[PDB]
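Next up: the same protein chain in two forms, each one alone, written as structure tokens (structure 1, then structure 2).
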Structure 1
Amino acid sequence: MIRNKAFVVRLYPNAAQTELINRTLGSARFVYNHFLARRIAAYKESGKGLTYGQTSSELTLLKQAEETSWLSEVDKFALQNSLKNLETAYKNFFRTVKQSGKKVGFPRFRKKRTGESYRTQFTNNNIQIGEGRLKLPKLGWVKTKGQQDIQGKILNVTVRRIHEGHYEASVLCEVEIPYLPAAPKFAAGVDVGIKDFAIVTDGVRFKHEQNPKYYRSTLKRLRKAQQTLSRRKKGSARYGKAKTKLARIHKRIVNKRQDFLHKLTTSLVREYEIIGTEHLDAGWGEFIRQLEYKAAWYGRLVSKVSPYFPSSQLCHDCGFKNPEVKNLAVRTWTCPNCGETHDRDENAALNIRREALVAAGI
């Protein structure tokens, strides 16, 4: 019943806290690079990889050294977790060395990039959560907007810089999540359509989860923005402004899609005991990920149809397969075996529901 859960809140640090955040990110990156180089040199020297303990000790001697004493300014937890990041990169590489086929590459030097994070643990109430405030080590109280009810025991806080002037902190808390009570409906079947994002059916009726309002309208504004950027010559300030506006429109599209999927998946979890989706505008990967983790948290069970199931071809009533349904132009078709005409999307959702129950076994 106790789950690792993350609460993302937007940070609004003042000038000094922003300076300290940037210093901490730089220090973490420098430590990662330096001790990657040190491990490589050690393997070249003695043929034995340095343990995390040996890398930790040299960091402590690095901190006291005059040439690298500046690391004392930033939080210790950030540097040590950067060292743990290096160790995990090495661990991934070592695990994949034996395996054939897909192989994790050797760790590479960390480079300056817009999205960087530093992670600080919790100990002796150094992290405290108030109403509209958040306390982080070495920083003090920082004002947070959109702070939900944060419960459980705080484990660590990940301070992330999405882009310049945009900071988000992901507070990891070990919160107990109570199971949702019995759902009004038993099971659902979910599809993919062109005009409609999905066709959710409980068996009594079909509910068309159409695309969110203004989604097609926003896609129009996406096309307009690209035209202006394309004709604009590169390197101009107005070209930069057009690129920023295009980036903002992309961000709005992503946010609207995520909100639509979050509300839809929460509704599916609350409304149906068992949810069944075929595994494959779509954004299907995030939909499946959210459905699976929310079902695990709230006690629902997700049954994913085997991709070998050709639901669209089969008729729900009789199971006859028709090659005509393979053609997309055939939105409405009649099954000669069952002598019935049914909508393609409606027939697909009912079949996906039927297979979802079979896989769960009920």
Structure 2
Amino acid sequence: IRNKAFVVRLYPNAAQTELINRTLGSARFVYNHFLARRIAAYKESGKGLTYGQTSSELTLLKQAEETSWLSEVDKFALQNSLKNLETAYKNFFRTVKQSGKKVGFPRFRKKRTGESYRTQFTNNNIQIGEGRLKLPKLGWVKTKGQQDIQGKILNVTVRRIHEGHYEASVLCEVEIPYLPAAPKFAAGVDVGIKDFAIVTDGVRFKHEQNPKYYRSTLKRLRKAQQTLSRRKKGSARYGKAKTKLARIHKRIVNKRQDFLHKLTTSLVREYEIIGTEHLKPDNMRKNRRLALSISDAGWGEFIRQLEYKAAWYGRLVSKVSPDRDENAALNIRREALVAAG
């Protein structure tokens, strides 16, 4: 019924790691090259290249001797790089006429650390099993964390998070059954820096303690960043410290995402209606006094997870249009009930 991405962890060997690195590099190369080519074409001509023209020129590029060493890369990687470039342009053109928010012009990119390429599924090109994954030009890659999949595999996003930590997101149109009737009809949740969530239905208020990971591991993060900054760019030990900092950040985000997953799933399995307010953290983060706390708390991710898991599992999130915490939570529940009825 629903799209769903099963994120597993790859353990590619030397050759497969080299090929994943080469594929990410060539995907970035074609992204930059065709952004430059489209800009040059729109400057020289009345209109720039569209998706089909870019694909045809990419084919001519691969078949040519100028960059024939890009043919040894998975085709869907380059094609979806071009698709991402074209959807960048589509996002830019979404609301140029509108003035509510300016979507920035698509720019270049210069060797970030998180490089992901997508590969599509054509007549059994992706095969998921007990402990392996089937990728087009890689072959069999030893995975772990392989969940239970009972749907058709749409695409596989091969990622890279550290110098030696590769994930892979396998998308499938799985059937997601609606959960049984919830124990309680409706409840409202109030966010907060001191207490992460105060959720109540009028009879109890199981306040959820705020972990505040980012401030909690702020000293080790500061030490990691400082050890990085004393190191020369383009150095092996610079790369080592960079990976250390990246993994510290990955641990922080992992803990935050696990906490948010557990809390959102608990709410959706406990209440039929989960009322909350449409807080805009990107506006509050301009206040440097509370910005670090709002960044760490991640209200936006919490609300996104609550809402989409409600959509999957047959729950309704009645977001409100834009003591203290307890009364705010009760008012949120009342407003959600009013909106629903």
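Each form is matched to the other, and the largest set of C-alpha atoms that superpose within 1.5 Å is called the rigid core. Numbering runs along the sequence of structure 1, starting at 1.
After superposition on the rigid core, the single residue among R161, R119, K84, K207 whose C-alpha moves by 2 Å or more between structure 1 and structure 2 is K207. After superposing the rigid core, the Cα of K251 is displaced by 2 Å or more between structure 1 and structure 2. For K143, a C-alpha deviation below 2 angstroms is recorded between structure 1 and structure 2 after rigid-core alignment. With the core held fixed, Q226 shows a CA shift of 2 Å or greater between structure 1 and structure 2. In the core-aligned comparison between structure 1 and structure 2, the Cα atom of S236 sits 11.8 Å away from its counterpart. For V192, the Cα deviation between structure 1 and structure 2 after core superposition amounts to 4.7 Å. Per-residue C-alpha deviation between structure 1 and structure 2, core superposed: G101, 3.5 Å.
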